[PDB]
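Working notes, structure below.
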Amino acid sequence: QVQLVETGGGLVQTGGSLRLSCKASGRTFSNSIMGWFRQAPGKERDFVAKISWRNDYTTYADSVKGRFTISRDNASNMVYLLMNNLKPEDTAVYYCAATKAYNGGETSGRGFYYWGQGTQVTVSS
Amino acid sequence: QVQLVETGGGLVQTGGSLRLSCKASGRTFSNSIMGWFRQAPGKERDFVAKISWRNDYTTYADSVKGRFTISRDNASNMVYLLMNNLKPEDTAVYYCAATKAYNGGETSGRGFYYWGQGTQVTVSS
Amino acid sequence: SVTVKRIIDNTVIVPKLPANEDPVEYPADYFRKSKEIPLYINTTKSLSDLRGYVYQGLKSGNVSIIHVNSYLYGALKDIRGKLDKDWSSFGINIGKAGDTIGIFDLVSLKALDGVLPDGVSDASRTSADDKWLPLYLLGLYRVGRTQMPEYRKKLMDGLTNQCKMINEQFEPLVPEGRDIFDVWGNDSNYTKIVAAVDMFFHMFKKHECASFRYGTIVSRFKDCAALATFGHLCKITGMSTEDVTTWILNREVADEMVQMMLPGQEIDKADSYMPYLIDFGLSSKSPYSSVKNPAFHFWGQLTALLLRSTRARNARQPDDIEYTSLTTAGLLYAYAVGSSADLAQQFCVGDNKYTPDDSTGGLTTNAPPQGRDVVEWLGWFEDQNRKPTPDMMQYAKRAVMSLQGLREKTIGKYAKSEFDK
Amino acid sequence: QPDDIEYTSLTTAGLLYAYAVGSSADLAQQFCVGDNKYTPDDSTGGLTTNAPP
Amino acid sequence: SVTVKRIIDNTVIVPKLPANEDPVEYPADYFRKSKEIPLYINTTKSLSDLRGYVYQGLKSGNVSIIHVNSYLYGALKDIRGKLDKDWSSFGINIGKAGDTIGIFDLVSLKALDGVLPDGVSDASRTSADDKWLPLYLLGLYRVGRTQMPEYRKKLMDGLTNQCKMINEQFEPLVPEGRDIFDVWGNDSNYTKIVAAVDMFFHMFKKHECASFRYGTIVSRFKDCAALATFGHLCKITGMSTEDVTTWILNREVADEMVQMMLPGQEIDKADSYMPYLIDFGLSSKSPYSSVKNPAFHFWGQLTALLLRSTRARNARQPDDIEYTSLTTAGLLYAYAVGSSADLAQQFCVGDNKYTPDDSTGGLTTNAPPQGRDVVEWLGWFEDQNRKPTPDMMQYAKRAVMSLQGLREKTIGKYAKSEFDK
RNA sequence: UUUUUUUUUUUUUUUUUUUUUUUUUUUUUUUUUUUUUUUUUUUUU
Numbered sequence: 001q002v003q004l005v006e007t008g009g010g011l012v013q014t015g016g017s018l019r020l021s022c023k024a025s026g027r028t029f030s031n032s033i034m035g036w037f038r039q040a041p042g043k044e045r046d047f048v049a050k051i052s053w054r055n056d057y058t059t060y061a062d063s064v065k066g067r068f069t070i071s072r073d074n075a076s077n078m079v080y081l082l083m084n085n086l087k088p089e090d091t092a093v094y095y096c097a098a099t100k101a102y103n104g105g106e107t108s109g110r111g112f113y114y115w116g117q118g119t120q121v122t123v124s125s
Numbered sequence: 001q002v003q004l005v006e007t008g009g010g011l012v013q014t015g016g017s018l019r020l021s022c023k024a025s026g027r028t029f030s031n032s033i034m035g036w037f038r039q040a041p042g043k044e045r046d047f048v049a050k051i052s053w054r055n056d057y058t059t060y061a062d063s064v065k066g067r068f069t070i071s072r073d074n075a076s077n078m079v080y081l082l083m084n085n086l087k088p089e090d091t092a093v094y095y096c097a098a099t100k101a102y103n104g105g106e107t108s109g110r111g112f113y114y115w116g117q118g119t120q121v122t123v124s125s
Numbered sequence: 002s003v004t005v006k007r008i009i010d011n012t013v014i015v016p017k018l019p020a021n022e023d024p025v026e027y028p029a030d031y032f033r034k035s036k037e038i039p040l041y042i043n044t045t046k047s048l049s050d051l052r053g054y055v056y057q058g059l060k061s062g063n064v065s066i067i068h069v070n071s072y073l074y075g076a077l078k079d080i081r082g083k084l085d086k087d088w089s090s091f092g093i094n095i096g097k098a099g100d101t102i103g104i105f106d107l108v109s110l111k112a113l114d115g116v117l118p119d120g121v122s123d124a125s126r127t128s129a130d131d132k133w134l135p136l137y138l139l140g141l142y143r144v145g146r147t148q149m150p151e152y153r154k155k156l157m158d159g160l161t162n163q164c165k166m167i168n169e170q171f172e173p174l175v176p177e178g179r180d181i182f183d184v185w186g187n188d189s190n191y192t193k194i195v196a197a198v199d200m201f202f203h204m205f206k207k208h209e210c211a212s213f214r215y216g217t218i219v220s221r222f223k224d225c226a227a228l229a230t231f232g233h234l235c236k237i238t239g240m241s242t243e244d245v246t247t248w249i250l251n252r253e254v255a256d257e258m259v260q261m262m263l264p265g266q267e268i269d270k271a272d273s274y275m276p277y278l279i280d281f282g283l284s285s286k287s288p289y290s291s292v293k294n295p296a297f298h299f300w301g302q303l304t305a306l307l308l309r310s311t312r313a314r315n316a317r318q319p320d321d322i323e324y325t326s327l328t329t330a331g332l333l334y335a336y337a338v339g340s341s342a343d344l345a346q347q348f349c350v351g352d353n354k355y356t357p358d359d360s361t362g363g364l365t366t367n368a369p370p371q372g373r374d375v376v377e378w379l380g381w382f383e384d385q386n387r388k389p390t391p392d393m394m395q396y397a398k399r400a401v402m403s404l405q406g407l408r409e410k411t412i413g414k415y416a417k418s419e420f421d422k
Numbered sequence: 318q319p320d321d322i323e324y325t326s327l328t329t330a331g332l333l334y335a336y337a338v339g340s341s342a343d344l345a346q347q348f349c350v351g352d353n354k355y356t357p358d359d360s361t362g363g364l365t366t367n368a369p370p
Numbered sequence: 002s003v004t005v006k007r008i009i010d011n012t013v014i015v016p017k018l019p020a021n022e023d024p025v026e027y028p029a030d031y032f033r034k035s036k037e038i039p040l041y042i043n044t045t046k047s048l049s050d051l052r053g054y055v056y057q058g059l060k061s062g063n064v065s066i067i068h069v070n071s072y073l074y075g076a077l078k079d080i081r082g083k084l085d086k087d088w089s090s091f092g093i094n095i096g097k098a099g100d101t102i103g104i105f106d107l108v109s110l111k112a113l114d115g116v117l118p119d120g121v122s123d124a125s126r127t128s129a130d131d132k133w134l135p136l137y138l139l140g141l142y143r144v145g146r147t148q149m150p151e152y153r154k155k156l157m158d159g160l161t162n163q164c165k166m167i168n169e170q171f172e173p174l175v176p177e178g179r180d181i182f183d184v185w186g187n188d189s190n191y192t193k194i195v196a197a198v199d200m201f202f203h204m205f206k207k208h209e210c211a212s213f214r215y216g217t218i219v220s221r222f223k224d225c226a227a228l229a230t231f232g233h234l235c236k237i238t239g240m241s242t243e244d245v246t247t248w249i250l251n252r253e254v255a256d257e258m259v260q261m262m263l264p265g266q267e268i269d270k271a272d273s274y275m276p277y278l279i280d281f282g283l284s285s286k287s288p289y290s291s292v293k294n295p296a297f298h299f300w301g302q303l304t305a306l307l308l309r310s311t312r313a314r315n316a317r318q319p320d321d322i323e324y325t326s327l328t329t330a331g332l333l334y335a336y337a338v339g340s341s342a343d344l345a346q347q348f349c350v351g352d353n354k355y356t357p358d359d360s361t362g363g364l365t366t367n368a369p370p371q372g373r374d375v376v377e378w379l380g381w382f383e384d385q386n387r388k389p390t391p392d393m394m395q396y397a398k399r400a401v402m403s404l405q406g407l408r409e410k411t412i413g414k415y416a417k418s419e420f421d422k
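Residue numbers (PDB author numbering), protein chains in the order written: chain k, 1 to 125; chain t, 1 to 125; chain T, 2 to 422; chain K, 318 to 370; chain S, 2 to 422.
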């Protein structure tokens, strides 16, 4: 089936940076919105960034605006999240999400039919 | 009588460079994706580089990005793999791969109907 | 089966359809039950009695099928043929090497029991009638199976063959006679007779009574239409049965192909009980019919028509199938066989062959594949976003245009109505 | 044709459904010989958007 | 045969088709068995009796084929000829140098054993009736072969040739008589007789009774149409048999072409037993028929039609062949022959000939080859992406358009409906 | 004057279907509705 693979997490210090890569395979995502979510254990799964197929329109959560940079390459079938200026609050498990074709990608998790197992990101002092 | 003939392998020191040639013959590879794989001793064959027929779109393995330059010549029906800045990790048996027309080429080996006998590449200190 | 619910109130709904079993019976699933097929027949009356029995029974409207079967046994009973090789089918050795077998060595004669008709017997009917009276009775199995009145020129050609047997032969049936023998195909013993006739003379094609096959030939592969369109497609294209099996791109056509290619039914054996699995009562529902294999009949027949088939024009368009997907499949297959003619030199004089040129480095991409590989044509078809190119629809148009005299409910009128506009 | 129904909306719904089934032939290889199946190409990245699903 | 799998679950499938033997029998394979062909005939009844038997039996519908064979032997036995050189075929020295042989030297006379009456005796019939009765009986074979109102077209010439022998001749048969002598096609001894007549008069041409071979000429090369299309192609194209052989670009046409050209059937001998392999019972299935060589027939005939042949437009379109590939291979061939006129000066006056100019250095690309070599035209056709150029299809249109009165199921209507539009 | 589908009893809704079936295909054989031979302006003292 279609699956999304997240790589590039790890444990870093405050102020460092990580580069999450997501490989989407199994179908075509030409008209599909890509995105990233995260979940802290014991807390809700939340939204961080999303990028549409229309002109690569980027939508960020206020908790990461100016610090994260989401991008996508359709010829490579990948979507990256560049995590600059990390904080301990950014400690979570990050999941790659890809909505179905011509469908919206909302902050609540609406749409976003496909999900990845996730990659761990820990930020300490 | 379609076949791929690989030449150019050998034994070199660490940091040296080799050039691998692949003569493809028997049919027409105009709409075919060409590639290279390598078989480590005691390990299954792995992906290193593939060059498509659509604008020579190249895909590399993470183990060789920045070191190998794959190219092709349709007028000469040749496929080259330039191996600069070698490592002992690169010591393996390199095979040339070819794909049926308009058929995809995947890093795991899916597609790629045609293979060669291969050449030996040994890199020492 | 997957859970379905209505989004407005999360109410669960279970969509289900009225089911239809219609199980299919294979010939091999019969001989593992009974190691022989019985033929019920009545052996009390004599030959010379039954001759006039069915003669005067033919002249009038009244006639007993028990009389025509019990007469056919006596008329065709003392006929023989020596085998050139062993004959066996479905674990039944009906002959062996230089044996001289008869027509009814294929079935085990049993006895029919009950009341017999009086039968208004006639005398003065000599033995030369038995030269053609079976050929008559046999041929009316064919004539009675066609419902188009114009098509019953078969009765006229039966009159031609019998008129060849005896110069002064004349139809012993009223113009109402077309009502008489139609029910003859309903007596299982009669079908077990004609099937034994054609199955017999199919091995002995040199015998002087081979003309008796007239009328019984419609018993071979009766209710086996799709299996014939498979060979028709394997003949029009020119590709081996496996290569044509690879071009099956629909799920239903694949399931029906597996259903047809069950590997225990002797569909490749020359002289077997399989082609007569309907008259011999081996099967009540055939596995090789265009009724249980509609998508394959429509698919292969349309693909054949697009490749300039003269047989495919009048094939019937089955109901309740995916006409759209099947037509796109037959369109791609047909355009692939038409484009890739695959011309290659075959004979040489000075041992100089066409040597191709590989130095063509201009890269002529976005061009159709060079051969007939399913793998390449599927990818080329994916470059066109799985929508037929204008050269494909124009190819189909040029093949279905100038198609005249198209009957309704045929695939010829379907392709003509689909591609000629 | 039944009376007193929403001919317009029903015709548009059936139009989109019929155009979806007609466009998406969903052709897929079913049998293979030398164990060579159609492997689609995922390196198509020219962004062929604005095309039906 | 190669393994085929259903990729949904790695299940194995074996596509197989109902085979059909229909083997091919060659003439030389007959004479290695028996070194002579027997003719069964009855020599008991005298000649003048049989002349009335057949005459009054002709006036009515009843007439015995044994009577017309036994008669024809009497009416033709006295005729003999003398050879200019030796005559032998399949190792049967029927004559040598200046031997005076008879029409029945070609066969060996045996006796037919059976019961047979006198039917009707007739006197007053003179020996002059022996001058036309054989010609009539033999012509009735040719008339009996065809089946349509041109039956009468050949019959009326069967009459026209008799007023030459006796001005007051009139057909001694009824209008119903069209059913009478068709039967005669199935008597082996009759076919052997007519085959002996045509094989005889084919050597002694412009002998006063050579008018007899009218009606028996349809026996020479009966069931041998494909090789006639080979000669027709070698005549329409103007090339040699080998050069034409090289232009076969289809595997089926290659198999059939090797099937026809077996080196031991005397297919090039002037006067041989081969042309009569059907009626002389030498072969029950002919190797050179448009039924066992359909692809070569359709190819070699369509190519001739595109080259503006008149014989081709009425040739019949065989069933279950590769129509598309064969049409492309015929279009390339016909276009190569039509473009490569290959005009060359044949005579010179002041010993001055056309001297070509080799000082032309323009890079002429896509210019078709200069000759009719398959090796070059396959490369040029490869440059065209194996698709017929618009000048090719236009050429075919110019060749098939303005064709009028094309009978259905013929290659004329096929080429017109395929190219003209 | 009323009125206002030349709508409607009620069910109903392929001028579908016993079942089987699917070239208004086929005995075989063959397939220029070619040919005796000459011959070829429905030319000419």
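From the three backbone atoms N, C-alpha and C, an ideal C-beta is built for every residue, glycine too.
Between the alpha carbons of residue 379/S and residue 355/T, how many angstroms are there, rounded?
Annotation: residue 379/S to residue 355/T spans about 7 Å, alpha carbon to alpha carbon.
Go ahead and pull the three-state DSSP assignment for residue 96/k.
Looking at residue 96/k - three-state DSSP - the assignment turns out to be strand.
I need the boundaries of the alpha helix (DSSP H) containing residue 1/T, first residue and last residue.
No answer is possible for residue 1/T: the residues shown for chain T start at 2 and end at 422.
In or out: residue 45/T buried (at least 16 other Cβ within 10 Å) or exposed?
That one is exposed.
Residues that residue 113/t contacts on chain K, provided the C-beta gap is smaller than 7 Å:
Under the 7 Å cutoff, chain K gives 353.
Just tell me which of 282/S, 344/S, 397/S has its CA closest to the CA of residue 332/S.
It is 397/S whose Cα lies nearest to the Cα of residue 332/S.
Mind pulling the chain t residues with CB within less than 8 Å of residue 273/T?
The contacting residues do not exist; residue 273/T stays about 39 Å from chain t at best.
Contact set between the segment 337–362 of chain K and chain S, restricted to residues whose Cβ is under 8 Å from the partner
Listed in sequence order: 346, 347, 348, 349, 350, 351, 352, 354.
Grab the span of the alpha helix (DSSP H) containing residue 29/k for me, first residue to last.
Taken as a continuous stretch (DSSP letters only), residue 29/k belongs to no alpha helix (DSSP H), as it is neither H nor E.
In terms of residue numbering, what span does the alpha helix (DSSP H) encompassing residue 71/S cover?
Annotation: the continuous alpha helix (DSSP H) that includes residue 71/S extends over 66–78.
Just to confirm before moving on: does the CB-CB distance between residue 178/T and residue 126/T stay below 8 Å?
Here residue 178/T is not near residue 126/T, since their CB atoms are 8 Å or more apart.
What residue range is occupied by the uninterrupted beta strand (DSSP E) comprising residue 124/t?
Taken as a continuous stretch (DSSP letters only), the beta strand (DSSP E) holding residue 124/t covers 119–124.
Ordered list of alpha helix (DSSP H) runs contained in the segment 266–332 of chain T, each at least 4 residues
295–307, all fully within the segment 266–332 of chain T.
Roughly how many angstroms separate the alpha carbons of residue 61/t and residue 6/k, rounded to a whole number?
Within the model, the alpha-carbon separation for residue 61/t versus residue 6/k is close to 17 Å.
Can you tell me which of the three DSSP states residue 77/t falls into?
In the three-state reduction of the DSSP assignment, residue 77/t falls in the coil class.
CB of residue 82/S within 8 Å of CB of residue 233/S, strictly:
No, Cβ-Cβ distance for residue 82/S and residue 233/S is not below 8 Å.
Assigned secondary structure, residue 64/t (DSSP; H/G/I helix, E/B strand, else coil)
Here residue 64/t sits in coil by DSSP.
By the 10 Å Cβ neighbour count, where 16 or more other Cβ atoms means buried, how is residue 171/S classified, buried or exposed?
Exposed is the label assigned to residue 171/S, since fewer than 16 other Cβ atoms lie within 10 Å of its Cβ.
Taking the beta carbon of residue 9/S as the centre, do at least 16 other beta carbons fall within 10 Å, making it buried, or is it exposed?
Exposed, because fewer than 16 other Cβ atoms sit within 10 Å of the Cβ of residue 9/S.
Chain K contact residues for residue 387/T, given Cβ-Cβ distances below 9 Å
Here the neighbours are 340, 341, 342, 343, 344.
Quick one, which residues of the segment 83–106 of chain t are near chain K if we go by CB-CB under 9 Å, in chain order?
Residues passing the 9 Å Cβ filter: 99, 100, 102, 103, 104, 105, 106.
Give me, in chain order, the residues of the same chain whose beta-carbon lies closer than 6 Å to that of residue 286/T; leave out the 5 immediate sequence neighbours on both sides.
If we look at residue 286/T and ignore the five residues flanking it on each side, its Cβ neighbours are 25, 26.
Given a cut-off of 8 Å on the beta-carbon distance, is the pair residue 296/T and residue 322/T in contact?
Contact: yes.
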